[PDB]
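[1] Using only what follows, build the 3D model:
(3 chains, ligands or ions: 9)
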Amino acid sequence: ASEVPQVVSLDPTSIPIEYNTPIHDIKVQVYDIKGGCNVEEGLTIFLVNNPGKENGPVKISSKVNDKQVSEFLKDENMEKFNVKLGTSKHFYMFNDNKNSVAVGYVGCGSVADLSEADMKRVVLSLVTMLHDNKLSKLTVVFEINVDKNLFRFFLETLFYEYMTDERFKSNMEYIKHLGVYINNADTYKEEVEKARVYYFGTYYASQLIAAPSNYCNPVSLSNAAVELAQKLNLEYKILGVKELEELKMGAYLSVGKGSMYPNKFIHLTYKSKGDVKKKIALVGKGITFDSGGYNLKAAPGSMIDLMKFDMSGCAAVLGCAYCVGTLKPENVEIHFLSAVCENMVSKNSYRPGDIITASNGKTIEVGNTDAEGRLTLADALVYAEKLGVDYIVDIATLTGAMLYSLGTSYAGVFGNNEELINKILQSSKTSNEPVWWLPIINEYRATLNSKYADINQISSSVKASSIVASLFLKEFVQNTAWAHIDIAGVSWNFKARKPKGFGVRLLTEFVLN
Amino acid sequence: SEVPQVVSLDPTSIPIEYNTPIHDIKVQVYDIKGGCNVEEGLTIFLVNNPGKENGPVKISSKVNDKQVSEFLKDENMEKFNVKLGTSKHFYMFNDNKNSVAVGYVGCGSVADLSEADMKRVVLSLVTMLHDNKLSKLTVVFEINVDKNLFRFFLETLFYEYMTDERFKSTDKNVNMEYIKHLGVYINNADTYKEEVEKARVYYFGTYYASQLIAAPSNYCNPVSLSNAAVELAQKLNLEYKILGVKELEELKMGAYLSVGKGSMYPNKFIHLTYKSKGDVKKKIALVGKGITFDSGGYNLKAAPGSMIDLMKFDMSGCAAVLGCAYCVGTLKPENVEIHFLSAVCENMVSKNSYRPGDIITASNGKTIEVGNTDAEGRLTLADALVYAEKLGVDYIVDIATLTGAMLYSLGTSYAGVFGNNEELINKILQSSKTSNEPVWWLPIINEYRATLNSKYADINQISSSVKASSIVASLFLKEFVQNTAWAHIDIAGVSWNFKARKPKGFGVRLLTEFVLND
Amino acid sequence: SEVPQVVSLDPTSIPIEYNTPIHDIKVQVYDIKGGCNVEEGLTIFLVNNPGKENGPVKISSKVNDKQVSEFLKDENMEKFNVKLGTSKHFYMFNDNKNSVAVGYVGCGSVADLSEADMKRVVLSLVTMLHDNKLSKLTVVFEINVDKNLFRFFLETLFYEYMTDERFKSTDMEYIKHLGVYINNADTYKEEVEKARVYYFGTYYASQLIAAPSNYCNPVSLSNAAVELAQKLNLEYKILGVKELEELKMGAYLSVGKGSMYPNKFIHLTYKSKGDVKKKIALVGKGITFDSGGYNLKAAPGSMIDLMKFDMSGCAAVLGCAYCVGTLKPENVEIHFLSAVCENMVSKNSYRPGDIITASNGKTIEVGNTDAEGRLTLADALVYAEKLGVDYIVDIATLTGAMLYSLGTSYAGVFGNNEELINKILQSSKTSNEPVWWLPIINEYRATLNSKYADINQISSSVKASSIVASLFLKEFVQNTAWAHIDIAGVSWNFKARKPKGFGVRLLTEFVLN
Ligand SMILES: CC(C)(C)C(=O)N[C@@H](C(=O)NO)c1ccc(-c2cc(F)c(F)c(F)c2)cc1
Ligand SMILES: CC(C)(C)C(=O)N[C@@H](C(=O)NO)c1ccc(-c2cc(F)c(F)c(F)c2)cc1
Ligand SMILES: CC(C)(C)C(=O)N[C@@H](C(=O)NO)c1ccc(-c2cc(F)c(F)c(F)c2)cc1
Ligand SMILES: [Zn+2]
Ligand SMILES: [Zn+2]
Ligand SMILES: [Zn+2]
Ligand SMILES: [Zn+2]
Ligand SMILES: [Zn+2]
Ligand SMILES: [Zn+2]
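    Numbering: from 1, shown residues only, chains lettered A, B, ... in the order given. Ligands and ions are numbered 1, 2, ... in the order given. Structure data below:
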């Protein structure tokens, strides 16, 4: 660990992290729905739809072993409510044994197959009830059709949205039990503890992102990665400035010049006990705060107050490290990499127009100091290819233009290898973290031709900045299958005012399958 | 039919050139194994060097002239290299003691030239045709191209060679002269021969669309554009129908009509039809956005970078569809019925204009809340799409300069395609490949549909405020196709060639290939 | 003179090319009478057609090669036209069966070419040189140029031909001979080696300007100026912060407060060997990077990435120092001055509103930290006048408004003395570096009346910024002929993405004549 510098003694010197969450204490049981439902304790919620009849009435089919609840659930009562996606109702009542129970439903629409976005709305409705609930148990009865991956997604999302981050603070009570009624329960049981792992990986990423830039800086973040590595028995190595200078990472070092925090390059490694048959490098953009540099984020809508999230790529990679270190896949070697620094305004900062030299010898003309992500990634990519891996995948809050292309739901993936892109797309499908394949259009490459340097950092005209940024990155991968995931648009949940932890499950599914 | 005028100097028709100098070029194709005759004009060798970047020039073709062959020997040609786009001129006397001009264009070190690579080659060749009064060009192929690429070479050569001087008066090019003969030497020539006149057909459809787009909004208005479409239909003996305002009112096209309310030109709905003789296997509706000028309306294009002076381009989709109509009407495909549609109007600022906040009713009965008058294109398309589905077709493909956000997603080279049907989308991509007009599949993300939920109307026209506009606009259009395979091509970013300051006529070849191979 | 570094990869000197391939070109000038020989390389005829716009090409010169004469016959050349900048060139065998290239550049239909026309002609010529491997270029003048325009042709040819590759790393063959056919060749021969000197003075200035702000800083620029002085046997003196504090240069020192590089005042001196009959101070604005300071260049179109060019005035002066030091004019004493610093954002920077005191005791109210040029020039001008000189001429990238007045071609000249101004205009005509006289309007002076300080730095309303800035500078020259050349609009060739080196030949012609 390294000592993080302070301006005043009241400046924090570590990131507060919660490992043991109330979610981990929840005992989960899955029952088959064919046998009927037991309603004796806590809150019971039926997931109900009505195919064909848009906003049609609620109808409960499951038999329950309680006379009081059976009467409440009768068709004449339930038809007073409708299945409009996200709509919920729940009532408190006494059961046959005169114990207080709560019974309700969440509408799941009129389409039999729920998208991940549909399922998310269902969960949010459920969580709203939970945040006003003090009962010890929740039972969810699936009277809809979900596959194994979507059911795991249901649990992951439920766990993630339920949990509230109160680290920076100075009603309800977390349930101790979760019951689930679903068809062929036995096949869904193995998803439960996988969901719990995917949850924390995602929530851990969220904690790092949500942590403000005075708490989460290059030194405190690399410190956290070390502590994580030690807990998971991963090989770890933090490269300091002197080492970085020796490796000649001029692009990455240039970005951090104006920061009071020294650059820290995070390198964690998972190695399988058995034969190593595939080597992967995961690269996360790790800007702990993006002020923009001398190209300061002062334009309307530039949202400088959001830019603690510019290390979301790093967070996703570290979150994946947790999942991989916990699930311990076989026959694989994975490197978790992040060139961490802070982009600030100072007498010491790099300037627009500056020509800097990357670790592969390429000279780069800086057109915009706020395009700093690709500079750090450039040296990180050179570092990764030197490891001699089969796949290189980077993930980064790289370009604001993603907001105008795919939006806030789908991340974009670019690459030099169709097979690798396909694996990512497949991983997106099974993780239910949506990604869309975007092209690297070679005709735009000429725009990066610098008059004085080997290459330009940005275009002056093209405006297709996400593609141009990909073209720049491609110049630092010489002979390895490489993919690039731009999560600038999808990383932050603007409506809920919190991170998503996007990427963790996607990257984990990628290495596992 | 009568174009309204403000003053007598206002034009009442779009000047259109049908018989171009390109059509006067006699094209001959010879097989390269017979040897090349170098007699006159300019003879250009298309040469590459596989694996050797900036490799030396070597003329592998048999040249049927002792003097020219001597000139083109490897020893003499070594000094020149094949760097993609590079070119050289040679001057010499042939065996008949006549002075002849010879040269080459470098095609690089790749074995397969891409879309952009070949256009680079053609542009280099065109520079050799400009500022040189030549009567004949001979092109010798020493690179390998498939039939579609050979056709693409000719189409692009014709299109770039052609110079549009319709609006020139005192500044016509005094030295403008076109070759009268084109010679082509290539391996297995008989295979490529049929591609020649197809290329000339593809050239004009593209150039015709280009003429309509380039034509300024005072020349090209809803009345004169619909008048041009009738003249085209009459020339091709296609069925044609133009729907006037009273007919449009009967069909209750409130979305389309509201957009044109502020204009001095009455709305004109174009409906051309190609009908194959015999069994019709496929019925297709092609829909083009036909905004002759987009001021933005009361949401005026006044913001920095909004490029209001470009907005004559906003009927590029309609132009593409009409260009396709020329190609289809000329090549006469079998087993198909094609409907060429465009809801044409002008988006202007007036006492009569539609307002931000207005609730209008589309022809399928859905009420629409206008949040931005500058999103007028999807409004006209909405009624056009409803009209299209009433025709009972198998495929509906619309093409439109719809969202500026395409510049930020795919840029100026690739068009975006959206749709409700994977098979149709795949056919569009296939047509993209064979036409060499690049298109990329983009998603219609259903999670964003909620943002189009209106407090008062059935649906919001736009925004508040997803930012992924191209997708939101596609979601809106989807609401007006109920049960028909539909695809949407946003060409807002690729329609105009900013570098050359001219239209591309994008989509004509794409749509034609779609029709011809479906 | 030790350049401070943030990281070990930060450059500590400006790379400079002194020996260029241009200097290895052997120039021969022949009279057009007696005919032209075409034996090898590329031969280009400069042709116009006064009778017809875009008229046919017609070669008038007798060529002593029959094969080439056949090529140049009227029937062949009339297929080509003389539109300015249009060119064609063909490869062929001459009488000796040696490969030669012969062509032309269109020179339009106006008998007398302007400097803008001639530059277009040269650019067409250079395109051919860059695209052909040639040991020799021959140019045949079938147009009319005077001695100054001919030199300009050579200077421009040399400058545009030369390619700056100092910052190229890892992402050939110049001509060795130049032949010129022209009527009355003997009167043009003496322009050749003068042109070569003017070329490098201009190219040397270009090298300094093009060099990014991380390479070119106040310390390395002053170091570079010393190296130049040593090679030319000029007296030199670099004033450091202690000395500047002693000289009370508060305006100059305030600007550099926020930089990591100490202020460095450059003072080079050329003195003729004989009696000194004229003393001249040339003053160049030397801002190595202009971020704008706390008035950050953040507005759209402010082009902060261009701002390495803000020492262009200094570079022109140093480039002039090369030419003067090489050509060694008689009975003159020339001082080359530049108050070099960097305008940055820091805890240490000067603020908007700060009241500072120039070396002549005048207190100045800073209204805008991005108007820093006039503040550095203020102390530089006071320094210059104390040298007891006859003329003071400053050259500076001072005001962006120049783009709106004269544009990108003509610099503006302001002054307090009509004789000096007319001399500069005369030097503009002979150097072919276009300048236009603009007024110092005394009615605007009242806008600089500060409420608290002696004077305002900027006007709060009078949008005539170039004139207002001239009024400010005028306050720091008390009793000396002074002129001010604003090159903010002309210094950078935006189309070619490179500096012009504007001002070197202008200032040198001023000293020489
Ligand atoms: C426009 C340039 C090329 C400067 C760019 O993409 N900059 C990105 C950047 O700063 N990289 O280090 C960038 C990244 C994200 C965002 C962004 C801004 C918002 F207001 C958002 F809500 C968001 F999700 C992303 C904007 C610019
Ligand atoms: C921002 C909204 C959603 C209103 C939009 O996309 N409007 C488009 C429109 O006016 N439809 O009728 C629109 C279409 C094209 C462009 C556009 C602007 C430019 F400066 C270009 F260079 C260009 F190619 C397209 C901008 C907005
Ligand atoms: C508007 C003020 C008075 C602050 C001003 O002229 N500032 C100049 C300055 O920064 N002095 O230190 C200034 C100088 C040059 C430019 C300038 C900007 C561009 F984008 C150009 F392309 C250019 F040629 C000059 C703009 C402002
Ligand atoms: Zn940034
Ligand atoms: Zn960033
Ligand atoms: Zn519009
Ligand atoms: Zn429009
Ligand atoms: Zn400034
Ligand atoms: Zn300045």
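
[2] right, is stretch A:285-293 up against ligand 4?
    Yes - judged by Cβ under 5 Å from the ion, stretch A:285-293 comes into contact with ligand 4 at residue A:290. (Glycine included, C-beta is placed from N, CA and C.)

[3] Quick check: end-to-end length of that stretch?
    Stretch A:285-293 has its terminal residues 17 Å apart, counting by Cα to Cα, to the nearest Å.

[4] For ligand 9, what's the nearest residue on the stretch 151-300 of chain A?
    residue A:294 (14.4 Å; Cβ to the ion).

[5] which residues sit in contact with that residue?
    Counting by Cβ atoms under 8 Å, 6 or more residues apart in numbering or on different chains, residue A:294 makes contact with A:345, A:349, A:351-352, A:369, C:291, C:296, C:304, C:345.

[6] Tell me the one among those residues nearest to residue A:264.
    The nearest member of the contacts of residue A:294 to residue A:264, counting by Cβ to Cβ, is residue A:349 at 18.2 Å.

[7] Not counting its neighbours along the chain, what's nearest the closest one?
    residue A:258 (2.9 Å; Cβ to Cβ, 6 or more residues apart in numbering or on different chains).

[8] For ligand 6, what's its nearest residue on chain A.
    residue A:404 (16.3 Å).

[9] and that residue, what are its phi and psi?
    Note on residue A:404: its backbone torsions stand at phi -100, psi -10 [degrees, to the nearest 10].

[10] likewise residue A:257?
    Torsion angles, degrees, to the nearest 10, at residue A:257: phi -50, psi -40.

[11] Now do the contacts for it.
    Applying Cβ under 8 Å, 6+ apart, the residues near residue A:257 are A:346, A:348-350, C:6-7, C:10.

[12] what do you get for residue A:195?
    By Cβ under 8 Å, 6+ apart, the neighbours of residue A:195 are A:152, A:155-156, A:159.

[13] a helix runs through it, doesn't it?
    Yes - according to DSSP: H, G, I helix; E, B strand; the rest coil, residue A:195 belongs to a helix.

[14] which element is the closest residue to it other than its chain neighbours on?
    Leaving out its chain neighbours, the residue that sits closest to residue A:195 by Cβ to Cβ, 6+ apart is residue A:155, at 3.6 Å. In this assignment (DSSP states H and E), residue A:155 forms part of helix A:148-162.

[15] Kindly export that helix (C-alpha atoms) in CSV.
    What follows is helix A:148-162, C-alpha atoms only, in CSV (Å, rounded to 0.1, in the frame of the first residue of the first chain):
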residue,chain,number,x,y,z
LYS,A,148,-32.1,-19.7,-16.1
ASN,A,149,-30.1,-16.6,-17.1
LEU,A,150,-33.0,-14.2,-16.7
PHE,A,151,-33.9,-15.8,-13.4
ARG,A,152,-30.3,-15.2,-12.2
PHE,A,153,-30.6,-11.7,-13.6
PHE,A,154,-33.7,-11.2,-11.5
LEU,A,155,-31.8,-12.2,-8.3
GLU,A,156,-28.7,-10.1,-9.2
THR,A,157,-30.9,-7.0,-9.9
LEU,A,158,-33.0,-7.6,-6.8
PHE,A,159,-29.9,-7.9,-4.6
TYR,A,160,-28.3,-4.9,-6.2
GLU,A,161,-31.3,-2.5,-6.1
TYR,A,162,-32.3,-3.6,-2.6
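
[16] tell me which strands and helices that helix is in contact with?
    On a contact count with 3 or more Cβ pairs under 8 Å, 6 or more residues apart in numbering or on different chains; DSSP states H and E, helix A:148-162 meets helix A:116-130, helix A:185-210, helix A:418-431.

[17] Now name the helix or strand holding residue A:60.
    For residue A:60, there is no host helix or strand (DSSP H and E).

[18] From what I see, it and residue A:50 are in contact.
    No - taking contacts as Cβ atoms under 8 Å, residue A:60 lies outside contact range of residue A:50: 11.5 Å.

[19] And the residue of chain A found nearest ligand 7, how close does it get to residue A:491?
    Residue of chain A nearest ligand 7, by Cβ to the ion: residue A:404 (17.0 Å). Remark: distance between residue A:404 and residue A:491 (Cβ to Cβ, to the nearest Å) = 16 Å.

[20] out of these two, which sits in the more crowded spot?
    Using other Cβ atoms under 10 Å in any protein chain shown as the criterion, residue A:404 and residue A:491 rank with residue A:491 on top: 28 against 25.

[21] who touches the more buried one in this structure?
    Residue A:491 neighbours (Cβ under 8 Å, 6+ apart): A:209, A:309, A:312, A:397, A:499-500, A:502.

[22] now residue A:90, what's its secondary structure?
    Residue A:90 is classified as strand under three-state DSSP.

[23] Using the three-state scheme, assign the closest residue to it other than its chain neighbours.
    Using Cβ to Cβ, 6+ apart and skipping the chain neighbours, the partner closest in space to residue A:90 is residue A:104 (2.7 Å). What three-state DSSP gives for residue A:104 is strand.

[24] what about residue A:52, distance to ligand 4?
    49 Å (Cβ to the ion, to the nearest Å).

[25] got it, and residue A:259?
    Taken as Cβ to the ion, the span from residue A:259 to ligand 4 is 13 Å.

[26] For the closest residue to ligand 1 within the stretch 301-450 of chain A, give me its contacts.
    Going by Cβ to the nearest ligand atom, ligand 1 is nearest to residue A:400 of the stretch 301-450 of chain A, at 2.7 Å. Residues in contact with residue A:400 (Cβ under 8 Å, 6+ apart) are A:465, A:488-489.

[27] Against residue A:368, how distant is it?
    Residue A:400 sits 12 Å away from residue A:368 when distances are taken as Cβ to Cβ.
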